[PDB]
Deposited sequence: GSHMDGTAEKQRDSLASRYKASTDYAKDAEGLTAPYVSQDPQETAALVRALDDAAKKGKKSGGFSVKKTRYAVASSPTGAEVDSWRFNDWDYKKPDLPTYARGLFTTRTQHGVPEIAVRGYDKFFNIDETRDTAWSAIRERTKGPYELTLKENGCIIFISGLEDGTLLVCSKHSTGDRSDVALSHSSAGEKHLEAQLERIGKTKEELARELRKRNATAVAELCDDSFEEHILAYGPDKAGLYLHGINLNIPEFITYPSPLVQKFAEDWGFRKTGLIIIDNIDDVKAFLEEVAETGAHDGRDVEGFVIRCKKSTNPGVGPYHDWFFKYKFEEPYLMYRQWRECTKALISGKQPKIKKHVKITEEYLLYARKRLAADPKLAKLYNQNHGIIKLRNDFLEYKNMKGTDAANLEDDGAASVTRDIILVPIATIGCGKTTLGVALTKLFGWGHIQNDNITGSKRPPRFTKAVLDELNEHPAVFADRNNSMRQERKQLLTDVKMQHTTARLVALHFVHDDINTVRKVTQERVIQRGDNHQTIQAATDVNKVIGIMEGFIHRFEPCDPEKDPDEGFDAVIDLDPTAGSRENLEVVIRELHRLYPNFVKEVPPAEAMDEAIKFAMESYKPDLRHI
């Protein structure tokens, strides 16, 4: 198997002997232009940025740094003057603006963006691919200032705050001090070295005694895990990981394990195999960060450093649930059990017994400490690994290939019919339109027609609003009565942002029409709007923690304020994630584009209100 052949290594520093690290000096003109674009964006009433000034307490000259932070969604515009996440600027003693800290570019999980679809990665990246272990603590940035100060920052901050004994950046600096003393070097030596390289060192602080995350980093493992070195310039240029490991050795950092894989299809197979257990090389692994080169035009053009991530769902999602349930337990709140119901109830009974036997544990858990150990104690009590515990609840979804019914929960104009047509174009799935059924006994006849479509199709789009809970109850009950293996998947159009929903849907129906039967008989815009407001008023959100929506096999949240092209890719990506043998891969962006274009050209209802 691929996971057995490929082992993560922290022994690549020898492979870096002789190699030259990337280096670009800061251009005063370009840096000033960046700072002016940021400053201007910070003063404005799309592209927005927050500017926060911090004194550098260890600076002998009193240096200050400006930390810049975009709105998180801005990273998907093409507008930004830099895509750094983590960005601090400063001024030299002689008044030159400089980049003091340059984090990685913001990067995304598989299927989170167009660029991190496997279909796009396969076309537009080149290897060899660096698979770096994603250690989970907090990020620490380290660089050298002109006055010789070693600057240490967390993702967006630096220095001490009086509202905590030890900030994240100060904890990182204290770890740095100990690691440098361990090798006979000094903070000013490291500062001079990083400034000579015009670079930011990027490490993960992992230390249970400071703050617990998901996996334990006890005293034997606690420290700064160096995983990157970036150039302090507006574009993104990062060190090859063998040189990162060599730098870790020279300056006393812990190393981030690395695997190099040449072929993107082996990368994909390796990751999906590790995802079966969340473990590799006999340790738990929360994920990988994959580093390669990417071009904007597939196959040609210039290539730039580019990352994507692959985070493993289990057992870490169950572990996060257990942590939250534990906090609910000691505070007297209701534990919220979403998934893994049987083993989580056992975990809570176990935790209650431990708490009754040792009251002082609650004061540890109050401070978010000891909770990893409680989970490991419980797994020991069960003689189970977490991955086994997370597989106790299993609805057989991994094996599903057919008999899926997609059930919109929506109001008029959310794009249901458009989505159904697009899915038929892409996958050949069935589509039953309640709008085409007239007369009495409509809900049982609709339901039976939906069922019977499974004779010729692996899935069927059950096209009805289902705005009221009683309609989901009816459909759930009648399907389960007549078809013992059908899985019902709700496509819940979330109506939280109700006045934006109203505008978007009403624009669609008024301007481009809708075949809902009441719309097709509406003879003016006021009748249309009143009909639409009727469904809004009657609408009951999907709530999979209560009856009847609890009966759905899965719920996929969609956004009626978003275009149908975006809701289409959410549907497919989520179906793939939930039922990987049903939707085996997400089609390329171009195919979903063509599906939606076909949907709105072939499906054009008449407007009887004009």
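Q: Any chance you could give me the deposited-sequence numbering of all the stretches lacking C-alphas?
A: Counting from residue 1, the stretches without coordinates are 1 to 13, 59 to 62.
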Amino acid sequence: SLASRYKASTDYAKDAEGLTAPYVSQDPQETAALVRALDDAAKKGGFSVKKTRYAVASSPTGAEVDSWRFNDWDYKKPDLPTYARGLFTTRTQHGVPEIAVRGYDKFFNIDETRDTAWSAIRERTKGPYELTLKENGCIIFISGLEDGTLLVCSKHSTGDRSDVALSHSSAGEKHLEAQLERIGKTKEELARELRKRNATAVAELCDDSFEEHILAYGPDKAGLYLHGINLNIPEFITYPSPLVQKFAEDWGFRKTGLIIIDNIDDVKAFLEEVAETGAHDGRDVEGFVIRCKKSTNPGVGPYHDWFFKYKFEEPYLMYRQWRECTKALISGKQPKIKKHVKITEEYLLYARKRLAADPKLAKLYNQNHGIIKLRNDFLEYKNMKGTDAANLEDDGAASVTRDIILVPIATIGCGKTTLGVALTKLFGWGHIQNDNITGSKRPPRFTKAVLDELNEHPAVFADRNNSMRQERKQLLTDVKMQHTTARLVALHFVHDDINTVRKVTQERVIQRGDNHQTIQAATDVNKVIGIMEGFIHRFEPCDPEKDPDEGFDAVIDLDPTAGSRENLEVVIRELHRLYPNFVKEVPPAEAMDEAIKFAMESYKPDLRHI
From here on, numbers count along this sequence of modelled residues.
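Q: Which is higher in the entry, the mean Cα B factor of 293 to 301 or that of 490 to 498?
A: According to the PDB entry, the answer is 293 to 301.
Q: For the C-alpha atoms alone, is the average B factor greater in 71 to 79 or in 98 to 106, going by the entry?
A: For C-alpha atoms only, the mean B-factor is higher in 71 to 79.
Q: Specify which of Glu286, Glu130, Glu507, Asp463 carries the largest Cα B factor in the deposited PDB entry.
A: Spelled out: the listed residue with the top C-alpha B-factor is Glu507.
Q: When the CA B-factors of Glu574, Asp66, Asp557, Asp40 are compared as recorded in the entry, which is the largest?
A: Highest C-alpha B-factor among the listed options: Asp40.
Q: Would you check the entry's CA temperature factor for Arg91 and let me know if it's in the chain's lowest, middle or highest third?
A: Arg91: CA B-factor falls in the highest third of its chain.
Q: Is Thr561 in the lowest, middle or highest third of its chain when residues are ranked by C-alpha B-factor?
A: Tercile = middle for this residue's CA B-factor.
Q: Relative to the other modelled residues in the chain, which third contains the C-alpha temperature factor of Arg197: lowest, middle or highest?
A: It falls in the bottom third of the chain.
Q: For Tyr381, return the chain-relative third of its C-alpha B-factor as stated in the PDB record: lowest, middle or highest.
A: Ranked within chain, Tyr381 CA B lands in the middle tercile.
Q: Using only modelled residues of the chain, where does the Cα B factor of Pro219 rank: lowest third, middle third or highest third?
A: Highest third of the chain for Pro219's C-alpha B-factor.
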